[PDB]
Each structure stands twice: as C-alpha cells, then as structure tokens.
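This is model_39.csv (CSV, N, CA and C atoms (P, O5', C5', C4', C3', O3' and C1' of nucleotides) and all ligand atoms).
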chain,number,residue,atom,x,y,z
A,1,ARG,N,102.6,79.1,105.7
A,1,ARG,CA,102.3,77.7,105.9
A,1,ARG,C,102.9,76.7,104.9
A,2,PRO,N,103.1,77.1,103.6
A,2,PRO,CA,103.7,76.2,102.6
A,2,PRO,C,105.1,75.5,103.1
A,3,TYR,N,106.1,76.3,103.2
A,3,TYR,CA,107.5,75.9,103.5
A,3,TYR,C,107.6,75.6,105.1
A,4,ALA,N,108.3,74.6,105.5
A,4,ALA,CA,108.4,74.2,106.9
A,4,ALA,C,109.8,73.8,107.3
A,5,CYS,N,110.1,73.8,108.6
A,5,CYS,CA,111.4,73.4,109.3
A,5,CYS,C,111.4,72.0,109.9
A,6,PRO,N,112.2,71.1,109.3
A,6,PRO,CA,112.4,69.7,109.7
A,6,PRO,C,112.9,69.3,111.1
A,7,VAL,N,113.7,70.2,111.7
A,7,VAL,CA,114.2,69.9,113.0
A,7,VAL,C,113.2,69.6,114.1
A,8,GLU,N,113.6,68.7,115.0
A,8,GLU,CA,112.7,68.2,116.0
A,8,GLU,C,112.0,69.3,116.8
A,9,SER,N,112.7,70.1,117.6
A,9,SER,CA,112.2,71.1,118.5
A,9,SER,C,111.3,72.2,117.8
A,10,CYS,N,111.7,72.7,116.7
A,10,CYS,CA,110.9,73.7,116.0
A,10,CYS,C,109.6,73.3,115.4
A,11,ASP,N,108.6,74.2,115.5
A,11,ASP,CA,107.3,74.0,114.9
A,11,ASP,C,106.9,75.2,114.0
A,12,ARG,N,107.9,75.7,113.2
A,12,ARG,CA,107.7,76.9,112.4
A,12,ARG,C,107.5,76.6,110.9
A,13,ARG,N,106.9,77.6,110.2
A,13,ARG,CA,106.6,77.5,108.8
A,13,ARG,C,106.8,78.9,108.1
A,14,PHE,N,107.2,79.0,106.9
A,14,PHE,CA,107.5,80.3,106.1
A,14,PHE,C,106.8,80.3,104.8
A,15,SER,N,106.2,81.5,104.4
A,15,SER,CA,105.5,81.6,103.2
A,15,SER,C,106.5,81.7,102.0
A,16,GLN,N,107.7,82.4,102.2
A,16,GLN,CA,108.7,82.4,101.2
A,16,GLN,C,109.8,81.4,101.4
A,17,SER,N,110.3,80.7,100.4
A,17,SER,CA,111.3,79.7,100.5
A,17,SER,C,112.6,80.3,101.1
A,18,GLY,N,112.9,81.6,100.8
A,18,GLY,CA,114.0,82.2,101.3
A,18,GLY,C,114.0,82.4,102.8
A,19,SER,N,112.9,82.7,103.4
A,19,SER,CA,112.7,82.9,104.9
A,19,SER,C,112.8,81.6,105.7
A,20,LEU,N,112.5,80.5,105.0
A,20,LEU,CA,112.6,79.2,105.6
A,20,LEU,C,114.0,78.8,105.8
A,21,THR,N,114.8,79.0,104.7
A,21,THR,CA,116.2,78.7,104.6
A,21,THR,C,117.0,79.7,105.4
A,22,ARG,N,116.5,80.9,105.7
A,22,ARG,CA,117.2,81.9,106.5
A,22,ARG,C,117.1,81.4,107.9
A,23,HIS,N,115.9,81.0,108.3
A,23,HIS,CA,115.6,80.5,109.6
A,23,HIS,C,116.4,79.3,110.0
A,24,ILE,N,116.6,78.4,109.0
A,24,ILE,CA,117.3,77.2,109.2
A,24,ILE,C,118.8,77.5,109.6
A,25,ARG,N,119.3,78.7,109.3
A,25,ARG,CA,120.6,79.1,109.8
A,25,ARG,C,120.8,79.2,111.3
A,26,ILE,N,119.6,79.3,112.0
A,26,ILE,CA,119.6,79.4,113.4
A,26,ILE,C,120.1,78.1,114.0
A,27,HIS,N,119.6,77.0,113.3
A,27,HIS,CA,120.0,75.6,113.7
A,27,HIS,C,121.4,75.2,113.2
A,28,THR,N,121.8,75.6,112.0
A,28,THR,CA,123.1,75.2,111.5
A,28,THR,C,124.2,76.2,112.0
A,29,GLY,N,123.8,77.3,112.5
A,29,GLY,CA,124.7,78.3,113.1
A,29,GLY,C,125.5,79.0,112.0
A,30,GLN,N,125.1,78.9,110.7
A,30,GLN,CA,125.8,79.6,109.6
A,30,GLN,C,125.8,81.1,109.7
A,31,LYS,N,126.9,81.7,109.6
A,31,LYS,CA,127.1,83.2,109.6
A,31,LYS,C,128.0,83.5,108.4
A,32,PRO,N,127.4,83.6,107.2
A,32,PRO,CA,128.0,83.9,105.9
A,32,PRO,C,128.6,85.3,105.6
A,33,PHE,N,128.1,86.3,106.3
A,33,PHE,CA,128.6,87.7,106.0
A,33,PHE,C,129.6,88.2,107.1
A,34,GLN,N,130.8,88.6,106.8
A,34,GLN,CA,131.8,89.1,107.7
A,34,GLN,C,132.1,90.6,107.6
A,35,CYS,N,132.4,91.2,108.8
A,35,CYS,CA,132.7,92.6,108.9
A,35,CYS,C,134.3,92.7,108.7
A,36,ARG,N,134.7,93.3,107.6
A,36,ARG,CA,136.1,93.5,107.2
A,36,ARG,C,136.8,94.4,108.2
A,37,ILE,N,136.1,95.0,109.2
A,37,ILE,CA,136.7,95.9,110.2
A,37,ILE,C,137.0,95.2,111.5
A,38,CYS,N,136.1,94.4,112.0
A,38,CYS,CA,136.3,93.7,113.3
A,38,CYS,C,136.3,92.2,113.2
A,39,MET,N,136.1,91.7,111.9
A,39,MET,CA,136.1,90.3,111.6
A,39,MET,C,134.9,89.5,112.2
A,40,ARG,N,134.0,90.1,112.9
A,40,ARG,CA,132.8,89.5,113.4
A,40,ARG,C,131.9,89.0,112.3
A,41,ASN,N,131.4,87.7,112.4
A,41,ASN,CA,130.5,87.2,111.4
A,41,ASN,C,129.0,87.3,111.8
A,42,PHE,N,128.2,87.5,110.8
A,42,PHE,CA,126.7,87.7,111.0
A,42,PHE,C,125.9,86.8,110.1
A,43,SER,N,124.7,86.5,110.6
A,43,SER,CA,123.8,85.6,109.9
A,43,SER,C,123.1,86.3,108.7
A,44,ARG,N,123.0,87.6,108.7
A,44,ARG,CA,122.3,88.3,107.6
A,44,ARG,C,123.0,89.5,107.1
A,45,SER,N,122.9,89.7,105.8
A,45,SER,CA,123.6,90.8,105.0
A,45,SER,C,123.1,92.2,105.5
A,46,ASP,N,121.8,92.2,105.8
A,46,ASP,CA,121.2,93.5,106.3
A,46,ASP,C,121.7,93.8,107.7
A,47,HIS,N,121.9,92.8,108.6
A,47,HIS,CA,122.3,93.1,109.9
A,47,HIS,C,123.8,93.4,110.0
A,48,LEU,N,124.5,92.9,109.0
A,48,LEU,CA,126.0,93.3,108.8
A,48,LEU,C,126.1,94.7,108.4
A,49,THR,N,125.2,95.2,107.5
A,49,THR,CA,125.2,96.6,107.1
A,49,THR,C,125.0,97.5,108.2
A,50,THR,N,124.0,97.4,109.0
A,50,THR,CA,123.8,98.2,110.2
A,50,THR,C,124.9,98.1,111.3
A,51,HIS,N,125.4,96.9,111.4
A,51,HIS,CA,126.6,96.7,112.4
A,51,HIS,C,127.7,97.6,112.0
A,52,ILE,N,128.1,97.6,110.7
A,52,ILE,CA,129.2,98.4,110.2
A,52,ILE,C,129.1,99.9,110.6
A,53,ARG,N,127.9,100.4,110.8
A,53,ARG,CA,127.7,101.8,111.2
A,53,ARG,C,128.2,102.1,112.6
A,54,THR,N,128.3,101.1,113.4
A,54,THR,CA,128.8,101.3,114.8
A,54,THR,C,130.3,101.7,114.7
A,55,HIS,N,131.0,101.3,113.6
A,55,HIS,CA,132.4,101.6,113.4
A,55,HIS,C,132.6,102.9,112.7
A,56,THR,N,131.8,103.2,111.6
A,56,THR,CA,131.9,104.4,110.9
A,56,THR,C,131.2,105.7,111.4
A,57,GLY,N,130.2,105.4,112.2
A,57,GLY,CA,129.4,106.5,112.8
A,57,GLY,C,128.4,107.1,111.8
A,58,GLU,N,128.2,106.4,110.8
A,58,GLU,CA,127.2,106.8,109.8
A,58,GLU,C,125.8,106.7,110.4
A,59,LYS,N,125.0,107.7,110.3
A,59,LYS,CA,123.7,107.8,110.9
A,59,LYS,C,122.8,108.5,109.9
A,60,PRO,N,122.2,107.7,108.9
A,60,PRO,CA,121.3,108.2,107.9
A,60,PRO,C,119.9,108.6,108.3
A,61,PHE,N,119.5,108.3,109.5
A,61,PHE,CA,118.1,108.6,109.9
A,61,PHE,C,117.9,109.8,110.9
A,62,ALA,N,117.4,110.9,110.5
A,62,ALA,CA,117.2,112.1,111.4
A,62,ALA,C,115.8,112.3,111.9
A,63,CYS,N,115.7,112.6,113.2
A,63,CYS,CA,114.4,112.8,113.8
A,63,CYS,C,113.7,114.1,113.1
A,64,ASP,N,112.4,114.0,112.8
A,64,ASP,CA,111.7,115.1,112.2
A,64,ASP,C,111.5,116.3,113.2
A,65,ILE,N,111.4,116.0,114.4
A,65,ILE,CA,111.2,117.0,115.5
A,65,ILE,C,112.4,117.8,115.9
A,66,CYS,N,113.5,117.0,116.2
A,66,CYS,CA,114.7,117.7,116.7
A,66,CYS,C,116.0,117.5,115.8
A,67,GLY,N,115.9,116.6,114.8
A,67,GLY,CA,117.0,116.4,113.9
A,67,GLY,C,118.1,115.4,114.4
A,68,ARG,N,117.9,114.9,115.6
A,68,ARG,CA,118.9,113.9,116.1
A,68,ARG,C,119.0,112.8,115.1
A,69,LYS,N,120.3,112.3,114.8
A,69,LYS,CA,120.5,111.2,113.9
A,69,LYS,C,120.7,109.9,114.5
A,70,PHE,N,120.3,108.8,113.7
A,70,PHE,CA,120.4,107.4,114.1
A,70,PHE,C,120.9,106.5,113.0
A,71,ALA,N,121.7,105.5,113.4
A,71,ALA,CA,122.2,104.5,112.4
A,71,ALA,C,121.1,103.7,111.8
A,72,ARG,N,120.0,103.4,112.6
A,72,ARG,CA,118.9,102.6,112.2
A,72,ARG,C,117.5,103.3,112.3
A,73,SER,N,116.7,103.0,111.4
A,73,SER,CA,115.3,103.6,111.3
A,73,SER,C,114.5,103.3,112.5
A,74,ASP,N,114.6,102.1,113.1
A,74,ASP,CA,113.8,101.7,114.3
A,74,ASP,C,114.3,102.4,115.5
A,75,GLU,N,115.6,102.8,115.5
A,75,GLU,CA,116.1,103.6,116.7
A,75,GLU,C,115.5,104.9,116.6
A,76,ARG,N,115.4,105.5,115.4
A,76,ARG,CA,114.8,106.8,115.2
A,76,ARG,C,113.3,106.7,115.6
A,77,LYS,N,112.6,105.6,115.2
A,77,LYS,CA,111.2,105.4,115.5
A,77,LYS,C,111.1,105.4,117.0
A,78,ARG,N,111.9,104.6,117.7
A,78,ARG,CA,111.9,104.5,119.1
A,78,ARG,C,112.1,105.9,119.8
A,79,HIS,N,112.9,106.7,119.1
A,79,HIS,CA,113.1,108.1,119.6
A,79,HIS,C,112.1,109.1,119.5
A,80,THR,N,111.5,109.2,118.3
A,80,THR,CA,110.5,110.2,118.0
A,80,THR,C,109.4,110.4,119.0
A,81,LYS,N,108.9,109.2,119.5
A,81,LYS,CA,107.8,109.3,120.5
A,81,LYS,C,108.1,110.0,121.8
A,82,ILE,N,109.4,110.2,122.1
A,82,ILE,CA,109.7,110.9,123.3
A,82,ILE,C,109.3,112.4,123.3
A,83,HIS,N,109.1,112.9,122.1
A,83,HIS,CA,108.6,114.3,122.0
A,83,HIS,C,107.2,114.6,122.2
A,84,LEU,N,106.4,113.5,122.6
A,84,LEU,CA,105.0,113.6,122.9
A,84,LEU,C,104.6,114.0,124.4
A,85,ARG,N,105.6,114.1,125.3
A,85,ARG,CA,105.3,114.3,126.7
A,85,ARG,C,104.6,113.2,127.4
B,1,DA,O5',118.6,106.6,124.0
B,1,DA,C5',119.6,107.4,124.5
B,1,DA,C4',121.0,106.7,124.5
B,1,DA,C3',121.5,106.3,123.2
B,1,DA,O3',122.9,106.4,123.1
B,1,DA,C1',121.3,104.4,124.6
B,2,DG,P,123.7,106.3,121.7
B,2,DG,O5',124.0,104.7,121.6
B,2,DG,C5',124.9,104.1,122.5
B,2,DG,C4',125.1,102.7,122.1
B,2,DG,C3',125.3,102.3,120.6
B,2,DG,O3',126.3,101.3,120.5
B,2,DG,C1',123.5,101.0,121.6
B,3,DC,P,126.8,100.8,119.0
B,3,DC,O5',125.8,99.6,118.8
B,3,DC,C5',125.9,98.4,119.7
B,3,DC,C4',124.9,97.4,119.3
B,3,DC,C3',124.7,97.2,117.8
B,3,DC,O3',124.6,95.8,117.6
B,3,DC,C1',122.7,97.4,118.8
B,4,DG,P,125.3,95.1,116.3
B,4,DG,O5',125.1,93.5,116.6
B,4,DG,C5',125.6,93.0,117.8
B,4,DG,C4',124.6,91.9,118.3
B,4,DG,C3',124.1,91.0,117.2
B,4,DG,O3',124.1,89.7,117.7
B,4,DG,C1',122.3,92.0,118.3
B,5,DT,P,124.1,88.4,116.7
B,5,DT,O5',122.6,88.3,116.3
B,5,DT,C5',121.6,87.9,117.3
B,5,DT,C4',120.2,87.9,116.7
B,5,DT,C3',120.2,87.5,115.2
B,5,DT,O3',119.1,86.6,115.0
B,5,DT,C1',119.0,89.5,115.5
B,6,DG,P,119.2,85.5,113.8
B,6,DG,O5',117.7,84.9,113.8
B,6,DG,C5',117.0,84.6,115.0
B,6,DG,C4',115.6,84.9,114.9
B,6,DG,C3',115.0,84.5,113.6
B,6,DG,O3',113.7,83.9,113.7
B,6,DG,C1',114.6,86.8,113.9
B,7,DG,P,112.9,83.2,112.5
B,7,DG,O5',111.7,84.2,112.2
B,7,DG,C5',110.8,84.5,113.3
B,7,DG,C4',109.7,85.4,112.7
B,7,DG,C3',109.2,85.0,111.4
B,7,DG,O3',107.8,85.3,111.3
B,7,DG,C1',110.1,87.2,111.2
B,8,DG,P,106.9,85.0,110.0
B,8,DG,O5',106.7,86.4,109.4
B,8,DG,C5',105.9,87.5,110.0
B,8,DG,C4',105.6,88.6,109.1
B,8,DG,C3',105.1,88.1,107.7
B,8,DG,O3',104.1,89.0,107.2
B,8,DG,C1',107.1,89.4,107.4
B,9,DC,P,103.2,88.7,105.9
B,9,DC,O5',103.9,89.6,104.8
B,9,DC,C5',105.3,89.9,104.9
B,9,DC,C4',105.6,90.9,103.9
B,9,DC,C3',105.4,90.5,102.4
B,9,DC,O3',105.1,91.7,101.7
B,9,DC,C1',107.7,90.7,102.8
B,10,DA,P,104.2,91.6,100.3
B,10,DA,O5',104.8,92.7,99.4
B,10,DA,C5',105.1,94.0,99.9
B,10,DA,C4',106.3,94.6,99.2
B,10,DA,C3',106.2,94.4,97.7
B,10,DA,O3',106.6,95.6,97.0
B,10,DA,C1',108.2,93.4,98.4
B,11,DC,P,106.6,95.8,95.4
B,11,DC,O5',108.0,95.3,95.0
B,11,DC,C5',109.2,96.0,95.3
B,11,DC,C4',110.4,95.4,94.8
B,11,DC,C3',110.3,95.0,93.3
B,11,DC,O3',111.5,95.4,92.6
B,11,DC,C1',111.1,93.2,94.6
C,1,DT,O5',120.2,79.2,93.3
C,1,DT,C5',119.1,80.1,93.6
C,1,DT,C4',119.5,81.4,94.2
C,1,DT,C3',120.0,81.4,95.7
C,1,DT,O3',121.1,82.3,95.8
C,1,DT,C1',118.1,82.8,95.5
C,2,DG,P,122.2,82.1,97.0
C,2,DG,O5',121.8,83.2,98.1
C,2,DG,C5',120.6,84.0,97.9
C,2,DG,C4',120.9,85.3,97.3
C,2,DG,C3',121.4,86.4,98.2
C,2,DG,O3',122.2,87.3,97.6
C,2,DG,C1',119.2,86.9,97.3
C,3,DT,P,122.9,88.5,98.4
C,3,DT,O5',121.8,89.7,98.4
C,3,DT,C5',121.5,90.3,97.1
C,3,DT,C4',120.7,91.6,97.4
C,3,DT,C3',121.1,92.4,98.7
C,3,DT,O3',121.2,93.8,98.3
C,3,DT,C1',118.8,91.8,98.8
C,4,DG,P,121.8,94.8,99.3
C,4,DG,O5',120.6,95.4,100.0
C,4,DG,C5',119.5,95.9,99.3
C,4,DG,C4',118.3,96.2,100.2
C,4,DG,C3',118.7,96.8,101.5
C,4,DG,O3',117.7,97.8,101.8
C,4,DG,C1',117.3,94.9,101.9
C,5,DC,P,118.2,99.3,102.1
C,5,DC,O5',117.0,99.9,102.9
C,5,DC,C5',116.5,99.1,104.0
C,5,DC,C4',115.0,99.2,104.0
C,5,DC,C3',114.4,99.5,105.3
C,5,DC,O3',113.5,100.6,105.4
C,5,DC,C1',113.5,97.4,104.6
C,6,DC,P,113.2,101.3,106.7
C,6,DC,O5',111.8,100.6,107.2
C,6,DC,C5',110.7,100.4,106.3
C,6,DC,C4',109.7,99.5,106.8
C,6,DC,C3',109.3,99.8,108.3
C,6,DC,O3',107.9,99.5,108.4
C,6,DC,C1',110.2,97.6,108.2
C,7,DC,P,107.0,100.2,109.6
C,7,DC,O5',107.0,99.1,110.7
C,7,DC,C5',108.0,98.0,110.7
C,7,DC,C4',107.6,96.8,111.5
C,7,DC,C3',107.3,97.1,113.0
C,7,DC,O3',106.2,96.4,113.5
C,7,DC,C1',109.1,95.6,112.7
C,8,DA,P,105.5,96.8,114.9
C,8,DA,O5',106.1,95.7,115.9
C,8,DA,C5',107.4,95.1,115.6
C,8,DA,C4',107.7,93.9,116.5
C,8,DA,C3',107.7,94.2,118.0
C,8,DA,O3',107.2,93.1,118.8
C,8,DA,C1',109.9,93.7,117.2
C,9,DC,P,106.6,93.4,120.3
C,9,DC,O5',107.7,92.8,121.2
C,9,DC,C5',109.1,93.0,120.9
C,9,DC,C4',109.8,91.7,121.0
C,9,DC,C3',110.4,91.5,122.4
C,9,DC,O3',110.4,90.1,122.7
C,9,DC,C1',112.2,92.0,120.9
C,10,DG,P,110.5,89.5,124.2
C,10,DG,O5',112.1,89.2,124.4
C,10,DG,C5',113.1,90.0,123.7
C,10,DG,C4',114.5,89.7,124.2
C,10,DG,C3',114.6,90.1,125.7
C,10,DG,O3',115.5,89.2,126.4
C,10,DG,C1',115.9,91.6,124.4
C,11,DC,P,115.7,89.3,128.0
C,11,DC,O5',117.1,90.0,128.0
C,11,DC,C5',118.2,89.5,127.3
C,11,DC,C4',119.4,90.5,127.3
C,11,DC,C3',119.7,91.1,128.7
C,11,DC,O3',121.1,91.3,128.9
C,11,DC,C1',119.3,92.9,127.2
D,1,ZN,ZN,113.3,75.4,113.1
D,2,ZN,ZN,132.6,95.0,112.8
D,3,ZN,ZN,113.9,114.0,118.2
How would this structure read if it were set down as structure tokens?
Amino acid sequence: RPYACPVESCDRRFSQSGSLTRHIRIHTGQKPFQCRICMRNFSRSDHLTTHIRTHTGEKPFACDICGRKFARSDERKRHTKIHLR
DNA sequence: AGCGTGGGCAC
DNA sequence: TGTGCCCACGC
C-alpha cells in the first residue's frame, strides 16, 4: 500500500520500493538485461538467468520420486504431482 | 512440455 | 537499489 504507480490505467501499489519501480518497467518497456548468446533482452535478471538454461541445457532441479531434471524449480513442482495417480 | 514474465519478499 | 527465490499464470 505505501508505494504506488502514477500511470492512468494502472491501480497498483507495492510494499517495497524496488517492486514498484520493477513494475514501472512494464509501462516504460525497459529491458536492462541481455542474453550474450541470442541477444534477447529481458526485464529481470532472474528471468534472464533461467532463460540462459534453454541454451546450455543446465537443469539444477531433480524430481525426488523419479530423478527427472528441470531448469526451473516451478517446472519440477509442476511435475512431481504427476506421481500421485 | 518449454518457458515467458509479473507479484510477494527475504536479504 | 539490487539480487535472486518462490509462486502463478498463460499460451
Ligand atoms: Zn502501473
Ligand atoms: Zn538467449
Ligand atoms: Zn518425477
């Protein structure tokens, strides 16, 4: 509720100053972080990190039940539930 | 499946 | 003033 977004259409607010200014990038279209492999620009450093794994094939997250690996923790999370029948 | 991408947040 | 996870959607 403290920090807020000045643009007309939006009615959003952020507790941390950083999240307000991160959101503002949606409006300005700023994409600060670039992939030195395919040159594609991204809005967030964390999304650039996971994107790079699509190129390298790095998959740090293994399923506890079957061991299948994933580049992202949420992909693994989405996967694990399939072992429930 | 593969994976873009914003919000909540701890640090 | 960032960095970097977890979470959630969406397609
Ligand atoms: Zn806004
Ligand atoms: Zn790339
Ligand atoms: Zn599995």
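Taking all atoms listed in the file into account, the residues that come within 6 Å of ligand ZN 1 (chain D) are residues 5, 6, 7, 10, 11, 12, 23 and 24 of chain A.
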Would you mind exporting the chosen residues as a PDB file, in the coordinates of the input, restricted to N, CA and C atoms?
ATOM      1  N   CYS A   5     110.100  73.800 108.600  1.00  0.00           N
ATOM      2  CA  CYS A   5     111.400  73.400 109.300  1.00  0.00           C
ATOM      3  C   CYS A   5     111.400  72.000 109.900  1.00  0.00           C
ATOM      4  N   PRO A   6     112.200  71.100 109.300  1.00  0.00           N
ATOM      5  CA  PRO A   6     112.400  69.700 109.700  1.00  0.00           C
ATOM      6  C   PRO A   6     112.900  69.300 111.100  1.00  0.00           C
ATOM      7  N   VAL A   7     113.700  70.200 111.700  1.00  0.00           N
ATOM      8  CA  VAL A   7     114.200  69.900 113.000  1.00  0.00           C
ATOM      9  C   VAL A   7     113.200  69.600 114.100  1.00  0.00           C
ATOM     10  N   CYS A  10     111.700  72.700 116.700  1.00  0.00           N
ATOM     11  CA  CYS A  10     110.900  73.700 116.000  1.00  0.00           C
ATOM     12  C   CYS A  10     109.600  73.300 115.400  1.00  0.00           C
ATOM     13  N   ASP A  11     108.600  74.200 115.500  1.00  0.00           N
ATOM     14  CA  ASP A  11     107.300  74.000 114.900  1.00  0.00           C
ATOM     15  C   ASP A  11     106.900  75.200 114.000  1.00  0.00           C
ATOM     16  N   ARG A  12     107.900  75.700 113.200  1.00  0.00           N
ATOM     17  CA  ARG A  12     107.700  76.900 112.400  1.00  0.00           C
ATOM     18  C   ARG A  12     107.500  76.600 110.900  1.00  0.00           C
ATOM     19  N   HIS A  23     115.900  81.000 108.300  1.00  0.00           N
ATOM     20  CA  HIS A  23     115.600  80.500 109.600  1.00  0.00           C
ATOM     21  C   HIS A  23     116.400  79.300 110.000  1.00  0.00           C
ATOM     22  N   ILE A  24     116.600  78.400 109.000  1.00  0.00           N
ATOM     23  CA  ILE A  24     117.300  77.200 109.200  1.00  0.00           C
ATOM     24  C   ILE A  24     118.800  77.500 109.600  1.00  0.00           C
TER      25      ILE A  24
END
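Inside chain A, the residues DSSP reads as strand (DSSP E) when given the backbone are residues 3, 4, 13, 14, 33, 34, 41, 42, 61, 62, 69 and 70 of chain A.
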Taking all atoms listed in the file into account, which residues are within 8 Å of ligand ZN 3 (chain D), as a count of residues only? 14
Kindly provide, as a ChimeraX atom specification, the residues of chain C having any atom no farther than 8 Å from an atom of chain A, counting only C-alpha atoms (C1' of nucleotides). /C:1,3-4,7
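Shortest atom-to-atom contact with ligand ZN 2 (chain D) among A:13, A:27, A:53, A:44: A:53, counting only N, CA and C atoms and all ligand atoms.
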Site check for ligand ZN 2 (chain D): residues at most 6 Å away, all atoms listed in the file, as a VMD selection string: chain A and resid 35 to 40 51 to 52
Using the selection just defined, write its residues with N, CA and C atoms as a PDB file, in the frame of the given file.
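Result went into out-v7.pdb, see below:
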ATOM      1  N   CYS A  35     132.400  91.200 108.800  1.00  0.00           N
ATOM      2  CA  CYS A  35     132.700  92.600 108.900  1.00  0.00           C
ATOM      3  C   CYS A  35     134.300  92.700 108.700  1.00  0.00           C
ATOM      4  N   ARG A  36     134.700  93.300 107.600  1.00  0.00           N
ATOM      5  CA  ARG A  36     136.100  93.500 107.200  1.00  0.00           C
ATOM      6  C   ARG A  36     136.800  94.400 108.200  1.00  0.00           C
ATOM      7  N   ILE A  37     136.100  95.000 109.200  1.00  0.00           N
ATOM      8  CA  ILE A  37     136.700  95.900 110.200  1.00  0.00           C
ATOM      9  C   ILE A  37     137.000  95.200 111.500  1.00  0.00           C
ATOM     10  N   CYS A  38     136.100  94.400 112.000  1.00  0.00           N
ATOM     11  CA  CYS A  38     136.300  93.700 113.300  1.00  0.00           C
ATOM     12  C   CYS A  38     136.300  92.200 113.200  1.00  0.00           C
ATOM     13  N   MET A  39     136.100  91.700 111.900  1.00  0.00           N
ATOM     14  CA  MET A  39     136.100  90.300 111.600  1.00  0.00           C
ATOM     15  C   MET A  39     134.900  89.500 112.200  1.00  0.00           C
ATOM     16  N   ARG A  40     134.000  90.100 112.900  1.00  0.00           N
ATOM     17  CA  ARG A  40     132.800  89.500 113.400  1.00  0.00           C
ATOM     18  C   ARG A  40     131.900  89.000 112.300  1.00  0.00           C
ATOM     19  N   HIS A  51     125.400  96.900 111.400  1.00  0.00           N
ATOM     20  CA  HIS A  51     126.600  96.700 112.400  1.00  0.00           C
ATOM     21  C   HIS A  51     127.700  97.600 112.000  1.00  0.00           C
ATOM     22  N   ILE A  52     128.100  97.600 110.700  1.00  0.00           N
ATOM     23  CA  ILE A  52     129.200  98.400 110.200  1.00  0.00           C
ATOM     24  C   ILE A  52     129.100  99.900 110.600  1.00  0.00           C
TER      25      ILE A  52
END
